[PDB]
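In what follows, chains are A, B, ... by sequence order, proteins preceding strands, each numbered from 1. No hydrogens, no waters, no symmetry mates; every other heavy atom, side chains included, goes into these values.
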Amino acid sequence: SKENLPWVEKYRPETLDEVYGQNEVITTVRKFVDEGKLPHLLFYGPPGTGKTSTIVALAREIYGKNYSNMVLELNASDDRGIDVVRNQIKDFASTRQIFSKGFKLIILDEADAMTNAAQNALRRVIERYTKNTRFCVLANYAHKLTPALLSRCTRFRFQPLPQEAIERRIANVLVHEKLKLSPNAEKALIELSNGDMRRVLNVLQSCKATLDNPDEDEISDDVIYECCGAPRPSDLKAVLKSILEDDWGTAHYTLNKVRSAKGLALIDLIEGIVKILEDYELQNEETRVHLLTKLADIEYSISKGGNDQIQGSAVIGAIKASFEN
Amino acid sequence: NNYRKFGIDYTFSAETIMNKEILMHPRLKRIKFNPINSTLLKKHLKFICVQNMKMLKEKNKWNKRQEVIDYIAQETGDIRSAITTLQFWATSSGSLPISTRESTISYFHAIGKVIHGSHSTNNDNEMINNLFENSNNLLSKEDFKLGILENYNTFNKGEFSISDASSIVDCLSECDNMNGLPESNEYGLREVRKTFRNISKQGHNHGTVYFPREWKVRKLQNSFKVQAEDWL
Amino acid sequence: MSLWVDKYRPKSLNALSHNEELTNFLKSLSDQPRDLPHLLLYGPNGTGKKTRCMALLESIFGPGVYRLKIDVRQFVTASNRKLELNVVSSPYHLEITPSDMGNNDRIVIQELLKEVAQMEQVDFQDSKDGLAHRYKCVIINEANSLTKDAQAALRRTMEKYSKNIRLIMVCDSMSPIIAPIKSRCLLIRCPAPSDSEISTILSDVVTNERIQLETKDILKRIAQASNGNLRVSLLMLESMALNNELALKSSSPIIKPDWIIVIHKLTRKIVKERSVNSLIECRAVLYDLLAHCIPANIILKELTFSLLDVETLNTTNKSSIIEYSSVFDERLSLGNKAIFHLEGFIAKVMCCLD
Amino acid sequence: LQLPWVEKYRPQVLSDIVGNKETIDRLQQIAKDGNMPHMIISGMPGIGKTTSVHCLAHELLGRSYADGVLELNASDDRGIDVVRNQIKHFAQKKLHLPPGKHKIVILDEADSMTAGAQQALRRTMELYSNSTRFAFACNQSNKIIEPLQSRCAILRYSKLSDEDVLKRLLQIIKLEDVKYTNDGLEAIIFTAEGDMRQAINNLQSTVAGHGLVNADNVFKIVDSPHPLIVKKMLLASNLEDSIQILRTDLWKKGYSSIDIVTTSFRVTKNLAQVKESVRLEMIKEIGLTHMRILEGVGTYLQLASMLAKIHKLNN
DNA sequence: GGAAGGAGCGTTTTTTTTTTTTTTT
DNA sequence: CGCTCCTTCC
Ligand SMILES: Nc1ncnc2c1ncn2[C@@H]1O[C@H](COP(=O)(O)OP(=O)(O)OP(O)(O)=S)[C@@H](O)[C@H]1O
Ligand SMILES: Nc1ncnc2c1ncn2[C@@H]1O[C@H](COP(=O)(O)OP(=O)(O)OP(O)(O)=S)[C@@H](O)[C@H]1O
Ligand SMILES: Nc1ncnc2c1ncn2[C@@H]1O[C@H](COP(=O)(O)OP(=O)(O)O)[C@@H](O)[C@H]1O
Ligand SMILES: [Mg+2]
Ligand SMILES: [Mg+2]
């Protein structure tokens, strides 16, 4: 059954040993369960860093394989209004364990989607029944959580996945599958991941699909770029060089050719050029101001559609004017 | 738990509780009460302190009674709140910061604070922060910006440069394009206050403040729509 | 009797008399109407777009398209707010103006139009055996006034149910039409009639009505004053003829819409005096104009172009005026209350002039 | 199992509560006197409001706490019907108490009460003030309607100072026999930002994690409050420094763009050094960036552009 | 015969979704 | 909060 699943779900960690890139948080929670002194928890972090996986693995470790009987899980797909908090959560938190298996666990995944009234109602539920129950909140946006709820929870930050953890997970996936990955392909995959393991797994699955003979074919960086349709570093470098050195006609022709060669999107080129320019050594600081403002404006305009050729010419002109200072 | 934007859910008053027919009925008389002024409140607090002279003298706070009474009379027009505050201060052997119930300011009072400023506070940032903290309901409502737009000309009876008016109106127009974020209201109010403070002078005569006339326009538009449907 | 705008309304493609190329294109569309794509006619207001749409429908079906009745369709929002829409129907086509429902226009697209698209039209064959099916024609007036949500809701309705429905949308500008909708329609440009054609139509009406005309220059002046709007041209012709005992003369005044003269007076006042009090008076004039349900964008455009016609102003003043007009037109498009933006535009103009 | 330290070491008596020394002394005076009036307790989270009210009620009512105290909070039903029936019946109850003692109705998180219930409470307070007294606890005192505020003595709690937090932390460490260092306690206090619940939670987390509370060990799990990082970013005199802070300290640590912009607005609201014109221009730029983020463009480029515009405003 | 102090003025009010309370059943 | 007409206070 696991074979038919998408790789993002097929490779979900089952034990806390399989969660990488969060060594400090993982060690703290593991030792907390070892000492049986789990406090109310908050897991704050960006998408695909292992919060849900970590909390489910911790529940499995605490309650073995029967965690579903003494764990109450609620997420944004369920209604969690003030009535739900008053009735369902309160009754679960105020009832004894199934077999006196220590304390009960309530997981509020994506709690940043809950209303202010429900969060306010949750305060005294959390406080009163701490002996019999422990709460776990998961979030990507802290500004949606009320100050009282944040104060009641011990905070743990899930950082963007470090490179080494991604490499180890990729090696595990490659040994699981009959797949080969090139070092340059792995470097490109990590670069495009942006610290999200879901993106890595999805792109790897697409790359395996792209291979004509996955039993023997090796995934190269070209395969990754084809699957993602993203620009190559060489294309970005050539476009930037033409913009910063050649005339308007030559730069326009170069941009058009680079885009038409592989059907690249202008937003991807803008992002790549911004990343490249972030490392440029600028002797004039107004240049950075103009670059940032104009490129942000162009990105915002592109987000709403518009004319593609005019936007590309705008990017060229903005870069040239900024560097003319 | 409300998340409703009806009249009554914003303000509890005769207008929101009654209707026009009842209020304008010839057999109904309406009398409006004002907060108790300082003279009466001071007199009554002095009487209360005199009635409790023995305990105040025993606790040594008697000598300081005036020092607090004039404060209380200066803080609120609520007789019950003033008496409660006096009792709390007197019964306490220690020293605490005397405070009364907070009193909300009216719509025109808020408009005047935004335009001319506040006597008590010389720092505009503190005044704006306090106004937003304690008067969020009034400031967030879209009619406050209309009132500012329609009353900013009252300054000096409209005898200031057209540049300042243009700046104020341009800022309000920019705020109208901010999807009602708190930053928009803060920016608009701060711009208006700063512009009016930059030209404040002792020798100025101000005009009368009036409510915006948008509702009249809406009523006329509804009548026009009815007439247009009839013609169609 | 009926107004001369409707009295002499052409009722067929062959009855058209201006923009012959557009007439030929419409006739070519009606040759094999079985595979007629969705149509989007765009052009200046009052140029005869609805007339041409009705002529095409008449050619496809027949004169019966002009037999129109009106029904009231009731809709209920999530908050239980009950409201109504007018549906103009003929035996072969339907007419709707969802923009009349404001922000609720999307509901009309989601409930009414979809249902119309879902109900296949079938009828017993008079002579042959078996049923016969015909697609329904639907006209959407003021398409450019639809909210983006309604336009999005139109997409899959147009695509999936193409067999049962063919949409004919009409608009004055395509700028507010989302790209997906423009992609799904055959775009037809409807140019305004030239002054000569307007004068010819007016002279034909004059001959029909036995109105004594001193010279044909009066018709040319009326056409110039109408700025290419034939409906306005006919309305002013009728008003002038009635006010002059059906005997027009070169001295007869040319009647213009009252709000236009009001805007001209506002422009003159703005140019003359520039101060805060003048701005308040201008605000009063603007509020009076808005009380008559004149669109804010139309007010801004008319005021801008009236200001640009003033001779005393110089090139720099006009350039600043057009800059401010563009900026505040964008602000109106993205805004909620129009008074802020109109007052800001007038204040900026006063600052630049002074 | 062993309770978390936040709940395990909740004070039972007023003497164990630190901070707001004058306020706690007044509460002790009331407790030892008896004539408790209607009171409102306002302040920021985790400073002892609930603990103070509960300790005062316990000390006042002695053995009669069970039958003389009615506690209601946002997790219970508190609608108009509840005021009409349960609170009314409790206030009508004839209970024999020591002279100067009254029944106490604790309304925790009273700010969340509905308008109808608050209006209904007026008559209850007017009728049953002789034998019943109300203790409201809230974070925003203005969220209680003025007619109710008129009957109550106001009591505003201030944020706890580093000294009291250190004192109570040392008491907890002595009770738990925890090895520590001075720098570790300083780091814990700095990260707590005056909230003692967070201070105790972080102390427990650090003690579990490594056993020894050092600054380096404290910062392994607990992070510096991001509002201070945002303030440092905004006050940077060079655009490069602001961009570097935004990248290393905020973006690379997983902070969402929406959180960053909201914190930037909050911090800019309290920048005393900057001028008013510059402050309002910065607020405008932050609002524009927030509007762009809400539409879906939550990219690092937008935040960099916002920083560039703010720096331009400074110049 | 000047302050200083105070009163009265300056007003009206649906709409998108989503959530919540209240009331009668 | 500012302007405007009435007492009140010394
Ligand atoms: N630390 C990790 N170690 C290994 N795989 C991981 C890790 N984090 C994420 N993954 C992979 O990504 C998938 C999604 O992880 P989740 O924990 O559900 O994401 P998340 O942190 O909950 O993000 P949100 O908040 O739900 S968008 C998992 O099933 C794994 O395949
Ligand atoms: N002044 C204090 N002295 C000692 N411990 C304190 C103090 N303030 C808070 N604590 C600790 O923090 C816990 C929570 O205190 P509470 O009084 O419930 O918080 P709070 O002030 O009510 O915040 P809110 O408004 O309920 S979010 C207590 O049980 C103590 O362990
Ligand atoms: N070819 C024509 N000959 C005579 N009158 C015409 C012709 N085309 C349009 N008109 C007149 O123009 C008027 C308005 O046209 P209409 O289709 O309503 O404009 P719109 O394109 O704004 O819908 C009609 O009343 C009609 O009489
Ligand atoms: Mg998750
Ligand atoms: Mg509390």
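In this structure, NZ of B:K32 is placed 10 Å from P of E:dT11, rounded to the nearest angstrom. When the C1' atom of E:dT13 is taken as reference, atom CD1 of B:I17 falls 15 Å away, rounded to whole Å. Distance B:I115 CD1 to E:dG10 P: 17 Å, rounded to the nearest Å. Between B:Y107 atom OH and E:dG10 atom P the separation is 15 Å, expressed in whole Å. Rounded to an integer number of Å, the gap from B:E150 CD to E:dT11 P is 10 Å. A straight line from CD1 of B:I31 to P of E:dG8 spans 10 Å, rounded to a whole angstrom. In this structure, B:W215 atom CH2 and E:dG10 atom P are separated by 13 Å, rounded to whole Å. With rounding to whole Å, B:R30 atom CZ is found 13 Å from E:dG8 atom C1'.
Without both centres closer than 5.5 angstrom and planes tilted by less than 30 degrees, the six-membered rings of E:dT13 and E:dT14 do not count as a stacked pair.
B:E15 comes within contact range of at least one nucleobase, with a heavy-atom separation under 4.0 Å. The residue B:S118 sits close only to the backbone: its heavy atoms come under 4.0 Å of sugar-phosphate atoms, none of a base. Heavy atoms of B:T154 sit nowhere under 4.0 angstrom from any nucleic acid atom.
No donor-acceptor pair under 3.5 Å is formed between the side chain of B:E229 and the backbone N or O of B:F224. A donor-acceptor pair under 3.5 Å is absent between the side-chain atoms of A:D78 and the main chain of A:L74, judged by distance alone. Listed for the B:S140 side chain is a donor-acceptor partner under 3.5 Å among the backbone atoms of B:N137. A donor-acceptor pair is defined here as one N or O able to donate and one able to accept, closer than 3.5 Å; such a pair exists between the side chain of B:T76 and the backbone of B:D78. Of the possible polar contacts, none joining the B:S184 side chain to the B:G180 backbone as a donor-acceptor pair under 3.5 Å is found. Of the possible donor and acceptor atoms, one in the side chain of A:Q119 sits under 3.5 Å from a partner among the backbone N and O of A:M114. Under a 3.5 Å cut-off, the side chain of B:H206 and the backbone N or O of B:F155 do not form any donor-acceptor pair.
E:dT21: sugar pucker south (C1'-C2'-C3'-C4' torsion negative). The torsion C1'-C2'-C3'-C4' is the criterion here, and for F:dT7 it is negative, giving a south pucker.
Contact check of residues 71-79 of chain D against DNA chain F (heavy atom, cut-off under 4.0 Å) returns no residues at all.
With rounding to the nearest 0.5 angstrom, the OH atom of C:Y287 is 12.0 Å from the CG atom of B:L220. A distance of 6.5 Å separates CZ of C:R283 from CG of C:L279, quoted to the nearest 0.5 Å. Rounding to the nearest 0.5 Å places CD of D:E146 at 9.5 Å from CG of D:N142.
One finds no side-chain N or O of B:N37 lying less than 4.0 angstrom from the OP1 or OP2 phosphate oxygen of E:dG5. B:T208 has no side-chain polar atom (N or O) that falls below the 4.0 Å cut-off from OP1 or OP2 of E:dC9.
Using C1' as the reference atom, F:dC3 and E:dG10 are 10 Å apart when rounded to the nearest Å. Comparing the same atom, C1', in E:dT15 and in E:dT19 gives a spacing of 15 Å after rounding to whole Å. Comparing the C1' positions of E:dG5 and F:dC10 gives an interatomic distance of 13 Å, to the nearest angstrom. Distance noted for atom P between F:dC9 and E:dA7: 13 Å (whole Å). For the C1' atom pair drawn from F:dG2 and E:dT13, the interatomic distance equals 26 Å after rounding to whole Å. Going from the P atom of F:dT7 to that of E:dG8 covers 13 Å, rounded to whole Å.
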Quick test: give all pairs of protein nitrogen or oxygen and nucleotides 23-25 of chain E nitrogen or oxygen below 3.5 Å, distance rounded to 0.1 Å.
| from | atom 1 | to | atom 2 | distance (Å) |
| --- | --- | --- | --- | --- |
| E:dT23 | OP1 | D:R84 | NH2 | 2.8 |
| E:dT23 | OP2 | D:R84 | NH1 | 3.3 |

Write down the protein N/O and nucleotide N/O pairs, taken from nucleotides 3-5 of chain F, whose separation is under 3.5 Å; answer none if there are no such pairs.
| from | atom 1 | to | atom 2 | distance (Å) |
| --- | --- | --- | --- | --- |
| F:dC3 | OP1 | B:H206 | N | 3.0 |

Grab the N/O contacts between the protein and nucleotides 6-8 of chain F below 3.5 Å, and write none if there aren't any.
none

Atom pairs under 3.5 Å: protein N/O with N/O of nucleotides 14-16 of chain E:
| from | atom 1 | to | atom 2 | distance (Å) |
| --- | --- | --- | --- | --- |
| E:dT15 | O2 | C:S79 | OG | 2.9 |
| E:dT15 | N3 | C:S79 | OG | 3.4 |

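Salt bridge status for B:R30 with B:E15: present, with a side-chain N to carboxylate O gap under 4.0 Å. Comment: B:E150 engages B:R213 in a salt bridge, judged by a side-chain N to carboxylate O separation of less than 4.0 angstrom. A salt bridge does not link D:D111 to D:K143: none of the charged nitrogens lies less than 4.0 Å from a carboxylate oxygen. For the pair B:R193 and B:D124, the salt-bridge criterion is met [side-chain N within less than 4.0 Å of a carboxylate O]. A salt bridge is defined here as a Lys NZ or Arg NE, NH1 or NH2 lying under 4.0 Å from an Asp or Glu carboxylate O, and B:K141 with B:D143 meets this definition. The pair B:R190-B:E183 fails the salt-bridge criterion, with no side-chain N (NZ, NE, NH1 or NH2) lying under 4.0 Å from an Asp/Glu carboxylate O.
For the side chain to side chain donor-acceptor pair (under 3.5 Å) test with C:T147, the passing option among C:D105, C:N104, C:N103 is C:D105; the others fail.
Heavy-atom distances to DNA chain E give each of B:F108 and B:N2 a nearest nucleotide, and the one nearer the 5′ end belongs to B:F108. In this structure, A:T115 and B:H109 both approach DNA chain E, and ranking their closest nucleotides by distance from the 5' end singles out B:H109.
Helical stems involving DNA chain E, defined as 3 or more consecutive Watson-Crick or G-U pairs under 3.5 Å, do not occur.
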Requested in this report: Please step through ring pair (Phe, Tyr, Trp, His ring centres under 6.0 Å) for the pair B:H116 and B:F196, ending with a clear verdict.
Outcome: CA-CA 7 Å; B:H116 306 286; B:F196 277 132; 7.0 Å; no
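For E:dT11, the glycosidic angle deviates from 0 by 90° or less, giving a syn base.
When distances run from any side-chain atom of B:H119 to the nucleotides F:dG2, E:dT13, E:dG6, the shortest one goes to F:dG2.
In this structure, a donor-acceptor pair under 3.5 Å is present between the side chains of D:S75 and D:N73.
Relative to the ring axis of C:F340, B:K145 places its NZ or CZ within 45° and under 6.0 Å from the centre.
The two residues D:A74 and D:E109 make their nearest non-hydrogen contact at N-OE1, 3.2 Å.
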